[PDB]
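Asks: Below: one structure in structure tokens.
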Amino acid sequence: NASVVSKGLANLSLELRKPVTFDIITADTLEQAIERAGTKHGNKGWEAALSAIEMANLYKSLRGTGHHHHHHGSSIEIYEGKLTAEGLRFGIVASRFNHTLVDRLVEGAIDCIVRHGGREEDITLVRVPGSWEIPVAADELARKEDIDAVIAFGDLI
Amino acid sequence: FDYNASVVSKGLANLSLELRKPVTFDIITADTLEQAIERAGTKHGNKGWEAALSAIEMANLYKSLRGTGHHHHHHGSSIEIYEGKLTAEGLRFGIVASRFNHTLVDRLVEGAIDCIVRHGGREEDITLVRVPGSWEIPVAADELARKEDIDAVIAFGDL
């Protein structure tokens with residue numbers, strides 16, 4: 001599975017007369033755990049952002065003046081939110097405590113909004129000393145009329 | 001399950017939310033050693049507090065007993081009761097302390113001074129005298145007690 005891509009890249013190098021290199025990495029018992037922790041935290045942040053995108057679009061559709069697809073049959077309205085973060089302004093609140101792990105969630109939540117059609121100019125980040133100050137900063141962030149969803153990352157347990 | 005630390009936290013959080021002002025709430029955390037130190041300190045403070053309170057009561061009892069005033073009754077059964085009010089208003093006090101073991105006798109003196117002040121005792125009427133040791137207390141106490149503008153004298157020794 002890994003040799004075939006190298007053979008193809010070698011053949012492409014011979015065909016195109018260009019230097020094409022290919023490289024892999026061998027992992028011991030510990031780097032696997034490190035990478036798994038990083039991937040898990042990134043996935044947690046990704047899901048946290050996705051759950052807010054869906055709720056924002058659900059709010060957009062629920063108050064709208066047009067109904068959409070019914071149930072598996074008909075005569076039963078269904079309301080749901082699309083995973084399209086286009087034109088939505090977000091606000092992220094993170095805690096400086098354990099920043100070496102909170103920043104992983106922050107980075108894994110920004111790129112989801114970017115890849116779902118959102119531009120970085122509509123993202124506002126706020127950092128607070130600890131988890132205790134999260135609600136009172138999220139309150140002031142929500143006070144802004146140019147905010148559609150709030151994502152908050154703490155560090156406990 | 002504490003019925004105290006939970007309710008204070010809930011009240012402070014709701015107050016901060018309702019008034020939009022930061023209210024940092026921090027408590028102490030002791031484990032089997034700071035608790036003992038604090039208990040010894042508060043025991044010394046209470047010792048000095050009751051030491052001053054008894055003198056206040058005795059002075060007021062002396063004033064009322066030899067005074068010309070119709071006192072109240074127990075419940076309305078005409079049996080008049082003479083007792084000392086815990087209002088140190090107008091009373092003048094003199095404290096004598098020995099600088100031997102000052103790190104504790106000063107806690108005693110401080111726990112007596114605030115006890116006098118909070119009960120209405122004005123700060124102008126408290127006179128403090130320090131002596132090298134307990135063996136010097138009797139003469140200084142005699143000198144303070146001979147004064148006419150002195151209603152009580154409290155003294156602290158060493159151990």
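Order determines the names: the first chain of the structure tokens is A, the second B, and so forth; residues in each chain are numbered 1 upward, and ligands are numbered 1 upward as they are shown.
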With a distance threshold of 9 Å and counting only C-alpha atoms, extract the residues of chain A near chain B and express them as a PDB file with C-alpha atoms, in the first residue's frame.

Replies:
ATOM      1  CA  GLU A 133     -14.388  34.275  33.754  1.00  0.00           C
ATOM      2  CA  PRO A 135     -19.460  33.315  31.090  1.00  0.00           C
ATOM      3  CA  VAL A 136     -18.936  36.986  31.912  1.00  0.00           C
ATOM      4  CA  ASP A 139     -21.888  37.819  27.870  1.00  0.00           C
TER       5      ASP A 139
END

Asks: Write out as a PyMOL selection string all residues of chain A that DSSP puts in alpha helix (DSSP H) for this structure's backbone.

Replies: chain A and resi 3-16+29-62+99-115+134-143

Asks: Show which residues sit within 12 Å of residue 148 in chain B, as a ChimeraX atom specification. Count only C-alpha atoms, and ignore same-chain residues fewer than 5 positions away.

Replies: /B:91-94,143

Asks: Next, write the just-selected residues to a file, as a PDB file, in the first residue's frame, keeping N, CA and C atoms as the atom set.

Replies:
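Now in part14.pdb:
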ATOM      1  N   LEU B  91     -17.080  54.657  79.507  1.00  0.00           N
ATOM      2  CA  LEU B  91     -16.139  53.999  80.401  1.00  0.00           C
ATOM      3  C   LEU B  91     -14.710  54.179  79.905  1.00  0.00           C
ATOM      4  N   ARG B  92     -13.782  54.316  80.850  1.00  0.00           N
ATOM      5  CA  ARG B  92     -12.365  54.501  80.566  1.00  0.00           C
ATOM      6  C   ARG B  92     -11.592  53.299  81.089  1.00  0.00           C
ATOM      7  N   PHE B  93     -10.668  52.782  80.280  1.00  0.00           N
ATOM      8  CA  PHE B  93     -10.024  51.508  80.565  1.00  0.00           C
ATOM      9  C   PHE B  93      -8.508  51.647  80.545  1.00  0.00           C
ATOM     10  N   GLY B  94      -7.857  50.789  81.327  1.00  0.00           N
ATOM     11  CA  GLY B  94      -6.410  50.729  81.345  1.00  0.00           C
ATOM     12  C   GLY B  94      -5.908  49.302  81.267  1.00  0.00           C
ATOM     13  N   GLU B 143      -0.523  52.069  90.125  1.00  0.00           N
ATOM     14  CA  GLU B 143      -0.475  53.451  89.661  1.00  0.00           C
ATOM     15  C   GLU B 143      -1.649  53.771  88.740  1.00  0.00           C
TER      16      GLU B 143
END

Asks: Just the strand (DSSP E or B) stuff from chain B, please, per backbone DSSP, written as an MDAnalysis selection string.

Replies: chainID B and resid 73 80 93:98 126:131 152:156
